[PDB]
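Structural description and commentary
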Amino acid sequence: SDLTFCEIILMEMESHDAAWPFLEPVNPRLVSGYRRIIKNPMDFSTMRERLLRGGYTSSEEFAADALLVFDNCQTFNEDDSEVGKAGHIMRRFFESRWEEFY
Ligand SMILES: CCOc1ccc(C(C)=O)cc1NC(=O)c1ccc(OCCN2CCNCC2)c(C(=O)OC)c1
Ligand SMILES: CCOc1ccc(C(C)=O)cc1NC(=O)c1ccc(OCCN2CCNCC2)c(C(=O)OC)c1
């Protein structure tokens, strides 16, 4: 019930123009080296699956999961890569919205 704003963030991030790298889990078969570099994958649909089924005890580890998305993105992709550029936009969107609400 305090995750009222978490679904608003998630719903806006899902529909955001720059969300295309994070809408489904990275497919390690198509992304060379992803499996070995990123040991805790996270993506918006997994956050969706987890939020619906209810496993977010506070807005705290919602943010932890979102921040994991953008931390994985910066670990794996160069800042000037196409996926990197989208990640930065998504990460600033998230930070921006999160402080607008908390
Ligand atoms: C090449 C580097 O690939 C990555 C390297 C690193 C990372 C991360 C997150 O670190 C991410 C990615 N790529 C993606 O996520 C990603 C996702 C979807 C894509 O299209 C699927 C089209 N499909 C979508 C749903 N509706 C129907 C059509 C493509 C693509 O077609 O690219 C060729 C790439
Ligand atoms: C090259 C690495 O690409 C990825 C890297 C990472 C990831 C993820 C999710 O992690 C995903 C992807 N790509 C996909 O899933 C994916 C799916 C379908 C695709 O075409 C089918 C569509 N069809 C009809 C319309 N016209 C074009 C051809 C293509 C593709 O290559 O289009 C040229 C890619």
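- This deposited entry lists X-ray crystallography as its structure determination method and 2.3000 Å as its resolution.

**Section: the overall build of the chain**
- Per the secondary structure count, the chain includes five helices and zero strands.
- The N-to-C order of helical and strand elements in the chain reads α-α-α-α-α.
- The dimensions of the chain, computed from C-alpha atoms along their principal axes, are 40 × 25 × 20 Å.
- Per-residue burial over the chain gives 35% buried out of 102 residues.
- Summarising the internal contacts of the chain: among those between residues at least 6 apart in sequence, 68% fall at separations of at least 24.

**Some remarks on the site of ligand 1**
- For ligand 1, the full set of nearby residues is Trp20, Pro21, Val26, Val31, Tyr34, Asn77 and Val83.
- A distance of 3.3 Å is found between an oxygen atom of ligand 1 and a backbone nitrogen or oxygen belonging to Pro21.
- Contact between ligand 1 and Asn77: an oxygen atom at 3.0 Å from a side-chain N or O atom of the residue.
- Here the shell around ligand 1 is built from residues that sort into six nonpolar, one polar and no charged.

**Digging into helix 1 (residues 4-15)**
- Taking 1.5 Å as the rise per residue, helix 1 with twelve residues should run 16 Å; its terminal C-alpha atoms sit 17 Å apart, in good agreement.
- Regarding helix 1, the residues found buried are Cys6, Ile9, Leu10 and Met13. For helix 1, the angular spread of the buried residues around the axis is 95 degrees, confining them to a single face.

**Notes on the site of ligand 2**
- Neighbouring ligand 2 are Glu24, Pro25, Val26, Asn27, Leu30 and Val31.
- At a separation of 2.6 Å, an oxygen atom of ligand 2 approaches a polar backbone atom of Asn27.
- Compared with its free state, where it exposes 700 Å², ligand 2 has 23% of that area covered by protein.
- Here the residues of the shell around ligand 2 sort into four nonpolar, one polar and one charged.

**Some thoughts on the nonpolar core**
- Core analysis: the largest hydrophobic core is formed by 22 residues, its most contacted members being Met13, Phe44, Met47, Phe62, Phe70, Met90 and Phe94.
- When contributions to this core are tallied by element, the ones reaching two or more residues are helix 1, helix 3 (44-53), helix 4 (59-76) and helix 5 (82-101).
- For this core, the element with the highest residue contribution is helix 4, accounting for six residues.
- Discounting chain neighbours no more than four positions away, the residues touching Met47 are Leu10, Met42, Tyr56, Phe62, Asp65, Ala66 and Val69.

Calculation notes
Residues numbered from 1 in each chain as written, not as in the entry; some residues may be left out. Chains lettered and ligands numbered in written order. Heavy atoms only, no water. Helix = DSSP H or I, 4+ residues; strand = E, 2+ residues; numbered from the N terminus. Buried < 20%, exposed > 50% of the residue type's maximum accessible area, 1.4 Å probe, protein only. Contact = heavy atoms within 4.5 Å. Near = heavy atom within 4 Å. Polar contact = N/O pair within 3.5 Å; in protein donor to acceptor, adjacent residues only side chain to side chain. Nonpolar A, V, L, I, M, F, W, Y, C, P; charged D, E, K, R; others polar. Expected span 1.5 Å × (residues − 1). Arc of directions from axis to C-beta. Areas by Shrake-Rupley, 256 points an atom, 1.4 Å probe, with all protein chains shown as cover. Core = buried A, V, L, I, M, F, W, Y, C linked by side-chain atoms within 4.5 Å.

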